[PDB]
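Novice: Here you go, one structure.
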Ligand SMILES: Cc1ccc(-c2noc([C@H]3C[C@@H](O)CN3)n2)cc1F
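In PDB author numbering, the protein residues as written are 1 to 330.
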């Protein structure tokens with residue numbers, strides 16, 4: 001089997017991407033944030049505290065004839081930005097772009113943090129990291145990809161995120177028309193439950209490539225590119241007037257600047273992020289100071305190849321017995 005679904009930026013800045021998902025019988029379609037950095041499928045629901053719902057589409061398990069309460073199961077998760085959600089668990093039928101999983105754990109939110117409440121366009125998350133990270137207690141549950149992959153034509157999914165434009169998540173096949181040149185595959189460590197890999201280095205603009213190992217994760221659920229402070233300093237030094245701001249919380253730059261590209265290495269291959277992918281617009285409405293899309297990972301503990309990097313590539317998440325990651329230019 002295979003599946004294919006369009007993913008869409010939630011706003012003009014590509015702050016995140018939503019993908020329609022069919023849950024239950026009859027189908028309840030919710031727009032979920034596909035997140036290769038976590039492993040919970042959770043949704044706004046009829047159980048979510050009323051005051052914490054503001055515009056989201058909710059899942060109502062009582063109206064699904066295939067929904068079953070998972071007795072005694074709860075979940076609770078916190079994301080890298082301090083955001084959180086929690087609730088109970090159902091099993092139900094879940095379909096993505098024509099690919100169907102029966103008995104998928106659907107985690108129904110009772111509580112969500114303010115950031116989720118304030119984003120009316122995101123109805124929940126669909127985790128695509130490794131199932132070892134799933135938070136359901138006392139019995140851990142499997143991800144959508146994990147449940148589907150034995151049925152897939154090939155145990156893979158691909159992320160093809162667009163710059164200010166729609167893109168595609170495919171399951172079970174590689175669309176050879178979606179990229180240029182070849183796909184370069186690189187080793188993955190699953191020891192922390194992430195799609196963790198090691199970049200071979202970077203360049204800034206037309207500058208010479210610096211060969212250096214950068215361990216990080218491929219994370220569709222993170223907006224920006226987070227890299228070591230040395231690397232990030234080298235990038236923003238090439239932008240006149242750019243500075244790291246304490247009050248703002250990272251590098252900002254004059255909105256009139258022309259941003260240089262950023263290149264990262266995948267083995268001997270090179271993925272080039274165009275400079276305008278790194279522009280995240282005025283820090284506040286009407287400001288001439290803009291937020292940078294490359295930021296330091298120093299306070300995080302790990303480097304994160306978020307959407308800023310991934311959207312410059314066609315990315316293969318290969319879930320064979322020994323998982324690997326593939327990158328192609330497009
Ligand atoms: C309001 C909001 C906040 C965070 C997230 C979010 N989704 O994926 C992630 C990254 C960071 C780490 O969790 C691994 N994946 N963060 C989504 C939101 F809609």
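In this text, a Cβ means the ideal position worked out from N, Cα and C, and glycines have one as well.
Residue 22 bridges to which residues according to DSSP?
Specialist: Its beta-bridge partners are 29, 95.
Novice: Determine the DSSP secondary structure at residue 111, reduced to helix, strand or coil.
Specialist: In this structure, residue 111 counts as strand in the three-state DSSP scheme.
Novice: Just to confirm, are residue 275 and residue 254 a CB contact at a threshold of 8 angstroms?
Specialist: In this structure, residue 254 does not lie closer than 8 angstroms to residue 275 by Cβ.
Novice: What are the boundary residues of the alpha helix (DSSP H) that includes residue 310?
Specialist: Looking at the DSSP string, the run of the alpha helix (DSSP H) that includes residue 310 is 307-310.
Novice: With H, G and I counted as helix, E and B as strand and the rest as coil, what does DSSP make of residue 133?
Specialist: Helix, per DSSP.
Novice: Please state the DSSP three-state secondary structure of residue 283.
Specialist: Coil.
Novice: Name the two residues that bound the continuous alpha helix (DSSP H) containing residue 42.
Specialist: Note, residue 42: premise wrong, no alpha helix (DSSP H); beta strand (DSSP E) at 41-43.
Novice: Suppose contacts are defined by Cβ-Cβ distances below 8 angstroms. Is residue 108 in contact with residue 54 by that definition?
Specialist: Not a contact, by the Cβ cut-off of 8 angstroms.
Novice: Provide the residue span of the beta strand (DSSP E) that contains residue 194, from first to last.
Specialist: No beta strand (DSSP E) holds residue 194; DSSP gives it neither H nor E.
Novice: Among residues of its own chain, excluding the 5 on either side of residue 308, which ones have a beta-carbon nearer than 6 angstroms to its beta-carbon?
Specialist: Closer than 6 angstroms at Cβ, skipping near neighbours: 224, 225, 277, 293.
Novice: Rounded to a whole number of angstroms, what is the C-alpha to C-alpha distance between residue 183 and residue 329?
Specialist: Straight-line Cα distance between these residues: approximately 8 angstroms.
Novice: Roughly how many angstroms lie between the CA atoms of residue 185 and residue 199, to the nearest whole one?
Specialist: Those two C-alpha atoms are separated by around 11 angstroms.
Novice: Going by CA-CA distance only, name the one from 37, 21, 84, 76 that's closest to residue 332.
Specialist: Here the chain comprises residues numbered 1 to 330, so residue 332 is not present and cannot be evaluated.
Novice: Give the DSSP bridge partners of residue 69, in chain order.
Specialist: The partner list for residue 69 (beta bridge, DSSP) reads 90.
Novice: Would you list the residues sitting across from residue 333 in a DSSP beta bridge?
Specialist: Residue coverage of the chain in this structure runs from 1 to 330, which leaves residue 333 outside it and unanswerable.
Novice: Can you list every residue whose CB sits closer than 7 angstroms to some heavy atom of ligand 1, going in chain order?
Specialist: Cβ atoms closer than 7 angstroms to ligand 1 belong to 16, 33, 35, 37, 38, 79, 80, 81, 83, 115, 116, 119, 122, 125, 219, 221, 222.
Novice: For the alpha helix (DSSP H) that residue 315 lies in, which residues bound it at each end?
Specialist: Segment 314-318 is the beta strand (DSSP E) holding residue 315; no alpha helix (DSSP H) there.
Novice: Whole angstroms is fine: what's the gap from residue 299's alpha carbon to residue 25's?
Specialist: Distance between the alpha carbons of residue 299 and residue 25 is about 44 angstroms.
Novice: Comparing alpha-carbon positions, which option in 162, 164, 170, 261 lies nearest residue 209?
Specialist: Considering only alpha carbons, the answer is 261.
Novice: With distance defined between alpha-carbon atoms, name the residue in 123, 244, 212, 93 nearest to residue 268.
Specialist: Checked all of 123, 244, 212, 93; the closest Cα to residue 268 is 212.
Novice: Looking only at C-alpha atoms, which of 315, 217, 324 sits nearest to residue 167?
Specialist: It is 315 whose Cα lies nearest to the Cα of residue 167.
Novice: Does residue 282 pass the burial test, meaning 16 or more other C-beta atoms within 10 Å, or should it be called exposed?
Specialist: Under this definition residue 282 is an exposed residue.
Novice: Please specify which runs of the beta strand (DSSP E), each continuous and at least 3 residues long, are wholly inside the region 158-234, giving them in chain order.
Specialist: Within the region 158-234, the complete beta strand (DSSP E) runs of at least 3 residues are 167-171, 184-187, 196-204, 210-218, 225-227.
Novice: Using the C-alpha atoms, what's the distance from residue 285 back to residue 11?
Specialist: Approximately 15 angstroms between the Cα atoms of the pair.
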